[PDB]
Amino acid sequence: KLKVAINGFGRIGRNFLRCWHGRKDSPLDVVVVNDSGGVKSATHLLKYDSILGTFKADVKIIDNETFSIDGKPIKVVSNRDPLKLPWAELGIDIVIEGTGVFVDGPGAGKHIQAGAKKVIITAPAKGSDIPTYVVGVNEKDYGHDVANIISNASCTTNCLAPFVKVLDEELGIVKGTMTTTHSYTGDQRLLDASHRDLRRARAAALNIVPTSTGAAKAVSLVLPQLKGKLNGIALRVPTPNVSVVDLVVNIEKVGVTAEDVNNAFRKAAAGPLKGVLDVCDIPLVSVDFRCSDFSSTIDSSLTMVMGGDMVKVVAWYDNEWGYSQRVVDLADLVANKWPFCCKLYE
Amino acid sequence: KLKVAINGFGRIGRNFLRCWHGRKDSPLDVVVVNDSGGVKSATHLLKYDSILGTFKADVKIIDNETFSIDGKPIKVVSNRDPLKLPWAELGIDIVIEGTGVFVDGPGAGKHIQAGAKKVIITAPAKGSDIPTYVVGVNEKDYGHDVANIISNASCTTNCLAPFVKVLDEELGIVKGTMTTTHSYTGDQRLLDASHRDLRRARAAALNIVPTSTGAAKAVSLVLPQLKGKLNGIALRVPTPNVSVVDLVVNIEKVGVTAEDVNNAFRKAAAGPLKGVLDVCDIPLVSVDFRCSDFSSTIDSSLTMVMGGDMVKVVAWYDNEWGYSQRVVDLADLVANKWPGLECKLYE
Amino acid sequence: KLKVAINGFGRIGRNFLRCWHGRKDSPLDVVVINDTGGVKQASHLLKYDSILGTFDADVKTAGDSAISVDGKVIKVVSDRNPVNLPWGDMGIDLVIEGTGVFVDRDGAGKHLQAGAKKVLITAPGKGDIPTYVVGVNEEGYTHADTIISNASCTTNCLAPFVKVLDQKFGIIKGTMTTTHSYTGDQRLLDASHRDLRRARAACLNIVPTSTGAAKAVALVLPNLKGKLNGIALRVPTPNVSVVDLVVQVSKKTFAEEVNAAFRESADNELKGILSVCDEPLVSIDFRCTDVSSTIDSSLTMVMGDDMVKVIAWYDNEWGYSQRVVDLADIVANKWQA
Amino acid sequence: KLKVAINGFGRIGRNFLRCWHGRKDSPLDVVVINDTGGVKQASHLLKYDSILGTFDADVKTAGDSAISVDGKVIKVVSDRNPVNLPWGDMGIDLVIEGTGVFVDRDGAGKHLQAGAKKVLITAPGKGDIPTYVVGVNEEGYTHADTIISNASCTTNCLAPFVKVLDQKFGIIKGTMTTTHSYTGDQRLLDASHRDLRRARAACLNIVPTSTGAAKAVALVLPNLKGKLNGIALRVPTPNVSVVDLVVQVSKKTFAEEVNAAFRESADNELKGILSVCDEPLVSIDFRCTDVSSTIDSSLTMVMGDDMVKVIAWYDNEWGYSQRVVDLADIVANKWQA
Ligand SMILES: NC(=O)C1=CN([C@@H]2O[C@H](COP(=O)(O)OP(=O)(O)OC[C@H]3O[C@@H](n4cnc5c(N)ncnc54)[C@H](OP(=O)(O)O)[C@@H]3O)[C@@H](O)[C@H]2O)C=CC1
Ligand SMILES: NC(=O)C1=CN([C@@H]2O[C@H](COP(=O)(O)OP(=O)(O)OC[C@H]3O[C@@H](n4cnc5c(N)ncnc54)[C@H](OP(=O)(O)O)[C@@H]3O)[C@@H](O)[C@H]2O)C=CC1
Ligand SMILES: NC(=O)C1=CN([C@@H]2O[C@H](COP(=O)(O)OP(=O)(O)OC[C@H]3O[C@@H](n4cnc5c(N)ncnc54)[C@H](OP(=O)(O)O)[C@@H]3O)[C@@H](O)[C@H]2O)C=CC1
Ligand SMILES: NC(=O)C1=CN([C@@H]2O[C@H](COP(=O)(O)OP(=O)(O)OC[C@H]3O[C@@H](n4cnc5c(N)ncnc54)[C@H](OP(=O)(O)O)[C@@H]3O)[C@@H](O)[C@H]2O)C=CC1
């Protein structure tokens, strides 16, 4: 029903397209991709993926700029400058900006100037005028006419927010810190090489790498009540995908026990967050969460309250798939409510 | 001066021997090793190490049971049953029990029965009658005649305790939780196979693996005041060595700021803990702490107080080398305070 | 029909069970599983695999000595000494020996004593034992054999396309080197081992170890006796490996002619076993591949007209299991009494 | 005596600088470093290396455009276009081109324009350029050459012992395959690349990529033109790689005879370049190894008397650097103008 473009055919963008394909009947309809590599480089990587595994469906190269996923064509263009994009010509209704470059008003908006109707950033906005949504939490807050540029937050923030809510909304969060053992990512160096952050510049594959993260603060953007109460770091560990968060907020309420904190999740899990939150009691490990549709999963057996007031939780989330799945829900929304420096490490 | 035996020639035990070799002039003197593999298997692995790198010194195989590190011989025997060990025959004064099996009174003591004078466990004791020491914290508490079986605690506990002290002893620790992103270890499966702990049974190299840890509680064993106030889990991540702790204790004191919490360390670092604690302000990564003699290193830029009361710290510690280095200090102690003065699973 | 018993519910043990569940109308029927691990252990790891990923089926711990898979119930026992296993009591017709210890006459036999009828060793046989490589000489089998080995994961790859070569260009002589994913056999951290190489890091090195698949080929392709031989390199990957064969044939030949031959056989006789792939892929792209061997066409190259090099991928775990099943699948057919 | 400029302070850039610091009385003298990175970047990474480990020396950020190493001060500039670099202003006699882009006449030349006198390309040269492999033909060099390439990390390994073979048994023809650690060139995660293989995971696969070292041998050993050729496999390891040569010689020979020859040369002529090792080791055991190539004796094997296979280790980073330095070490000698 609604024409969609995907600017940036990498992990998240490709994870997107995949998510969308095998779906109920999304109102969305990917008709164009912007991968600076042609139909070849854009096809191959959609068919063979080291983290998701060979894509299950006939993907052929029609035209010199038009591959097809089971017959359905997809025009593919390439240009670093959105302004030159045929958004208007094609009549693009939604644009999934997944490059990590155009994340400010001026930037991401270049898509509107090209002829785009609405733009969704697959990352946190650098501006302040752009709304940050997190399906499960405050998705309602989005309605047509209200800003034509939105951000589906962060992979981490989209894993935290959900269960952070249930915590405060049913126990009262005084304040707390948090850490996140995170699977390395593209922004990291493969081998020790120049990079604006001397941590990310270290072999992504052979180091536990500490790196700042706003994902903590940004929780507020969707949960105002917490504004300036959360915070934390992040640790990159040699694991291509699937990460875990370690939240430690000393509650306001009484001094409840462990297994009841859980029950709240369990309750809010099969209830209002049916599709976002979930609790897995069976002791597994990262690799068991690959391709997990839940924006967040709590390791039951890991939760533990310390001094009556201090609660500690651990959640599992697939940073590639999960997020991409929400990004398709957030784009699914838009449609259901429709009438130094510049470069810096590439 | 003092004759030392090493029961268990693996990582920690070999990391030991190495630590000891290139040293000032330790009163210790390794004269025997118990590696169930002969001089071959025991030599090779002392010379070529994937995590420490080729050992710098002439290591040759003399006899059929006596290799030598730069001329100095080291007799090597092998038997799973300590009782059959020639501890008495050789006159072994200290035994570094680094197998992870003999960790209870009855067990580790089998070495005494064989003829050993004193036994040091390179791990937490399973009993209750065995003293747990942590150089830097409560090493003084050890004096001859007081138990002939001691435990140098855990790699984690020996990294926590130190800076956990400075926290409570100069800020007052109400209570708090903690996590530890830990380099995988021998007790983990290489590939998904049977193991008493369905988490460790998963490919140590391709998973973030959550596994309980007492290292948290045991802090008390050396710092009673905290008894039953700390606690936490552990996460195994694809990194052969060097780990980090994530402590989150909401303090008792005022509501101090970040960089001052640090200063406490910095202070107690170049002071009472000169050789144990330390603070590195320069943003590095795990691999930069390989072969670190400090039992604990705090990432300055990572520390951060939240609500005035809640403090959060992150420390770096080489689990192999560091611990092994303390284990040589704790065995160095024993000698400096020695007369001449006053359902069996896993695999 | 044919009652089966899996002894050694390890990687090949499970990779097998699952390989089986996927087959339609299988003459095989698993009824008992023996592994040092308890019912818990058997359940969990059959359901959650770090390489094959979570198993698509309902797997619960039904019983104190059994587990359930989509309803089909299976008993789980645990005796480190075979002779005890109630193979006779349960009328065990076939045993899939995947433990890695019972690879000899003496050892595998303890299964026969327990009352078992046949013993399929999921590895090369040590000594005088029938070795068969599905696609290379399964017709050599006869219900008479009580103990057979389905060769190694490597041999099962290298063989199929070696037959194709010799049987067409005549292999005079040739070496080979298999860049192999690591296995349970290696040490996770420098620890004692009878192979000071295999004893090393495993995940931090390229570990040269030796392989029998070299001479083992001859075992099933009598003609190549003493013509082949190679080593192996254990690199940091949990699965899927590649072989680098280098034979000198008599009949002068060229790049694409070789590949052609392969395809031809892959489309006819070896259909289901061998296969070619032009799309430039990599390790991971070959997981769960029902075939034993897959030629990387674009890599095949010839020198001086008679020296041929062929690269070939293969899933040392899955692909092998699928063979193991196919072999046992055979024992069930051509089975009289 | 010879002023040097390091352009492309990457892995070979730094592995070199350090390789240098360790040499005694070095005709070379580094004075300027050019890399897209600021003085911070140059300092940090020269001091903290994830593969060579922290550098044993005092390395501070002395200046806004310089860094200090044990007192010796060096300037750090940053122009993505060489022509601008003040090579002429600083009287740059030699430039160590380790950027990976300026590998052709046109490119490397921009250095000459900047006022530089010579340009040593830390990689194979593209087009018509003098290629020299220390130990294989460094005598071919003449102060006349303004642009030379020190070949690839692979060639610099494979060459030395190939010379030994041919020069003794006569290489008729032969392929080779190099199981290689990954490099900055690979993608950390499935991302675009002009080599859809190299474009893959890198740390999760065995990535077959092509290598020139095959034909490049001939570049320095004119005799083998068109007799060698092979591929390469990028496996999950940050350093140290192994080559699997397979040549057919004329003079029938046997296992230990070959190895012998190697040792002989390694003890005489190639002393310092080639070397043998019997102690069964693995990758990691070959870090920081000043030699270009190291034969794994126990692995060497012969077939049918004329087909020889030789495995050989080499530190693609350090060992190469040590060669780079040795080459520049030479340019300083036999330097007239
Ligand atoms: N991976 C994950 O789990 C998560 C990532 N994100 C965020 O989403 C963004 C994308 O992440 P990820 O998918 O990992 O990255 P990828 O590298 O997979 O994708 C980015 C894509 O953008 C292309 N590109 C780069 N510059 C331009 C340009 N100027 N114009 C057009 N296209 C361009 C890139 O091509 P090329 O590389 O050739 O320049 C690449 O194809 C980042 O902000 C990331 O932080 C958010 C949540 C989770
Ligand atoms: N690695 C680290 O960073 C830390 C480890 N520790 C603890 O120290 C212990 C050792 O750890 P680690 O060094 O990693 O282990 P290793 O596997 O390196 O060493 C254990 C050694 O004991 C030998 N061994 C096993 N059983 C016996 C026996 N019955 N009799 C005699 N020798 C035997 C083993 O040989 P074989 O394998 O052939 O049976 C092996 O040589 C464990 O408790 C561990 O938890 C504590 C702090 C840190
Ligand atoms: N891994 C691969 O890629 C390939 C392996 N194979 C062959 O298949 C066999 C199994 O290999 P693999 O699956 O990798 O190994 P694993 O170690 O994964 O599996 C073997 C299993 O048998 C169990 N076991 C050991 N002894 C007994 C016993 N006495 N009674 C019952 N159960 C026992 C082991 O438990 P525990 O360790 O606790 O004793 C383990 O669970 C070997 O012959 C191997 O050569 C064939 C092709 C490929
Ligand atoms: N890696 C190895 O094992 C071997 C590599 N070599 C060769 O040496 C060369 C370098 O390889 P390697 O060190 O691995 O690569 P790296 O990418 O590690 O090093 C090259 C460096 O140059 C920087 N750079 C690129 N363009 C400029 C510019 N215009 N001005 C200033 N700095 C720039 C790069 O930054 P950025 O990427 O951000 O542009 C990078 O930091 C290549 O020719 C390679 O073939 C030879 C032997 C071995």
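Residues numbered from 1 in each chain as written, not as in the entry; some residues may be left out. Chains lettered and ligands numbered in written order. Heavy atoms only, no water.

Focus: the overall build of chain C
A count of helices and strands for chain C gives seven helices and 16 strands. For 337 residues, the compact-globule estimate of 2.2 N^0.38 gives 20 Å, and the C-alpha radius of gyration of chain C, at 20 Å, lies within 12% of that figure. Considering only C-alpha atoms, chain C reaches an extent of 65 × 45 × 35 Å along its principal axes. Burial status across chain C gives 65% buried among its 337 residues. (Helix = DSSP H or I, 4+ residues; strand = E, 2+ residues; numbered from the N terminus. Rg over C-alpha atoms; globule rule 2.2 N^0.38 Å. Buried < 20%, exposed > 50% of the residue type's maximum accessible area, 1.4 Å probe, protein only.)

Focus on the sheet that holds strand β12 (residues 243–251) of chain B
Residue and element names in this part refer to chain B. With respect to topology, seven strands assemble into an open sheet ordered β10-β11-β9-β12-β15-β14-β13, the strand pairing being mixed. Pairing within the sheet leaves two strands with one partner each, and these edge strands are β10 (209–210) and β13 (279–280). Direction of pairing for β12 relative to strand β15 (residues 310–317): antiparallel, over a ladder of eight bridges. Across the sheet, the residue bridging to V248 is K312, located in β15. Sheet strands touched by helix α6 (residues 157–168): β9 (173–183), β12 and β15. Its angle to β12, the strand with the most contacts, is close to 25°. (Pairing = 2+ DSSP bridges. Contact = heavy atoms within 4.5 Å. Axes fitted to C-alpha atoms, helices over the stretch in contact; angles between N-to-C directions.)

A look at the interface of chain A and chain D
Contact with chain A, which involves 33 residues of that partner, is made by 31 residues of chain D. Of the roughly 2500 Å² buried between chain A and chain D on both sides combined, carbon and sulfur atoms contribute 61%. Here chain A is connected to chain D by zero salt bridges. For the side of chain A that touches chain D, the element with the highest residue contribution is helix α2 (residues 38–47) of chain A, accounting for four residues. Here the side of chain A that touches chain D is composed, by residue class, of 13 nonpolar, nine polar and 11 charged. (Buried area = accessible area lost by both parts, 1.4 Å probe. Salt bridge = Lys/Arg side-chain N within 4 Å of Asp/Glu carboxyl O. Nonpolar A, V, L, I, M, F, W, Y, C, P; charged D, E, K, R; others polar.)

Some details on the packing of aromatic side chains
Enumeration according to the criterion identifies 12 aromatic pairs over all chains in this entry. Taken together, a centroid distance of 5.8 Å and an interplanar angle of 75° make the contact between B:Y133 and B:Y142 edge-to-face. The positively charged end of D:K251 is found above the aromatic ring belonging to D:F169, 5.1 Å away from the centroid. (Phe/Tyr/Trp six-rings, centres within 6.5 Å; stacked < 30°, edge-to-face > 60°. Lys NZ or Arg CZ within 6 Å of the ring centre and 35° of its normal.)

As for the sheet that holds strand β6 (residues 94–97) of chain D
Either a parallel or an antiparallel arrangement is found when strands of a sheet pair, and the pairing is made through backbone hydrogen bonds. All names here are of chain D. Within the open sheet, the eight strands sit side by side as β3-β4-β5-β2-β1-β6-β7-β8. Their pairing is mixed. Either end of the sheet is taken by a strand with one partner, and the two such strands are β3 (59–60) and β8 (147–149). By the bridge criterion, six bridges tie strand β1 (residues 2–7) to strand β2 (residues 28–34) in an arrangement that is parallel. Among the inter-strand pairings, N7 is bridged to a residue of β2, identified as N34. Across the sheet, helix α3 (residues 105–113) touches β1, β6, β7 (118–121) and β8, and the angle it forms with β7 is around 135°. Along the sheet, helix α7 (residues 318–332) makes contact with β1, β2, β6, β7 and β8, crossing β7 at roughly 160°.

Let's talk about the interface of chain D and chain C
Opposite the 44 residues of chain D that make contact, chain C presents 46 residues. Taken together, the two surfaces of chain D and chain C that pack against each other cover about 3800 Å², and 67% of this comes from carbon and sulfur. If you sort the residues of chain D by the area they bury against chain C, D:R197, D:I206 and D:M307 come out on top, with a joint share of 17%. Summed over the shared surface of chain D and chain C, the number is six salt bridges. Put simply, chain D and chain C have 18 residue pairs in polar contact between them. Those elements that place two or more of their residues in the side of chain D that touches chain C are β9 (171–181), β10 (207–210), β11 (228–235), β12 (241–249), β14 (301–303) and β15 (307–314) of chain D. (Polar contact = N/O pair within 3.5 Å; in protein donor to acceptor, adjacent residues only side chain to side chain.)

Observations concerning the site of ligand 1
Residues and elements named next belong to chain A. Contacts to ligand 1 come from 16 residues, most closely from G10, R11, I12, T122 and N319. Within the backbone of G10, a nitrogen or oxygen atom sits 3.1 Å from an oxygen atom of ligand 1. Note that an oxygen atom of ligand 1 is positioned 3.4 Å from one of the backbone N or O atoms of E320. Protein chains bury 75% of the 890 Å² of accessible surface belonging to ligand 1 in isolation. Tallied by class, the residues present in the shell around ligand 1 amount to five nonpolar, eight polar and three charged. (Near = heavy atom within 4 Å. Areas by Shrake-Rupley, 256 points an atom, 1.4 Å probe, with all protein chains shown as cover.)

Notes on the UniProt feature "binding site: NADP(+)" in chain B
When the UniProt feature table is mapped onto this chain numbering, "binding site: NADP(+)" sits at B:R11, B:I12, B:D35, B:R80 and B:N319. Annotated residues spanning 309 residues; largest pairwise C-alpha distance 25.5 Å, indicating distribution over more than one region. As for its position among the elements, B:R11 is in the loop between β1 (2–7) and α1 (12–21). Classification of B:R11 as buried rests on a relative accessible area of 12%. Setting aside residues no more than four positions away along its own chain, B:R11 makes contact with B:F16, B:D49, B:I51, B:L52, B:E320, C:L189 and C:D190. At a separation of 2.5 Å, a polar atom in the side chain of B:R11 contacts the side chain of B:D49. (UniProt positions renumbered as here; feature names shortened; annotations may be inferred.)

Comments concerning the packing of α6(B) against helix α8 (residues 258–269) of chain B
Residues and elements named next belong to chain B. Contact geometry of α6 with α8 gives a least axis separation of 10 Å together with a crossing angle of 120°. When the axes of α6 and α8 are compared, the pair comes out oblique. The two elements α6 and α8 cross, and the hand of that crossing is right-handed. Packed against α6, whose contacting residues are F163, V166 and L167, the element α8 presents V261, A264, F265 and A268 at the interface. For the contact of α6 with α8, the per-class residue count stands at seven nonpolar, no polar and no charged. (Parallel < 35°, antiparallel > 145°, perpendicular 65-115°, else oblique. Left-handed = near helix turned anticlockwise from the far one by under 90°.)

Quick word on helix α2 (residues 39–47) of chain D
Turn by turn, an α-helix covers 3.6 residues, leaving residues three or four places apart pointing in a common direction. Residue and element names in this part refer to chain D. By the criterion of burial, α2 is predominantly enclosed, with eight of the nine residues buried. Listed as buried for α2 are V39, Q41, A42, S43, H44, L45, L46 and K47. Packed against the buried residues of α2 are α1 (11–21), β3, β4 (66–69) and β5 (72–77).

Digging into the nonpolar core
The biggest cluster of nonpolar side chains holds 55 residues, and the ones touching the most others in it are D:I6, D:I33, D:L94, D:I96 and D:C203. The element contributing the most residues to this core is α7(D), with nine residues. D:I96 has contacts with D:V4, D:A5, D:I6, D:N7, D:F16, D:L120, D:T122, D:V324 and D:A328, leaving out every residue within four places of it along the chain. Judged by nonpolar contacts, the second largest core, of 52 residues, contains B:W20, B:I51, B:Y142 and B:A331. (Core = buried A, V, L, I, M, F, W, Y, C linked by side-chain atoms within 4.5 Å.)

Looking at the relation of the copies chain D and chain C
Each copy superposes on the other: chain D lies on chain C with an RMSD of 0.1 Å after a rotation of 179° and an axial shift of 0.0 Å. Both copies of the chain, as the preceding transformation shows, are related through a two-fold rotation axis. When each C-alpha of chain D is compared by its distance to the rotation axis, D:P236 comes out closest, at 2.8 Å. A share of 100% of interface residues in chain D that are also interface residues in chain C marks the association as one of identical surfaces. (Least-squares fit on C-alpha atoms.)

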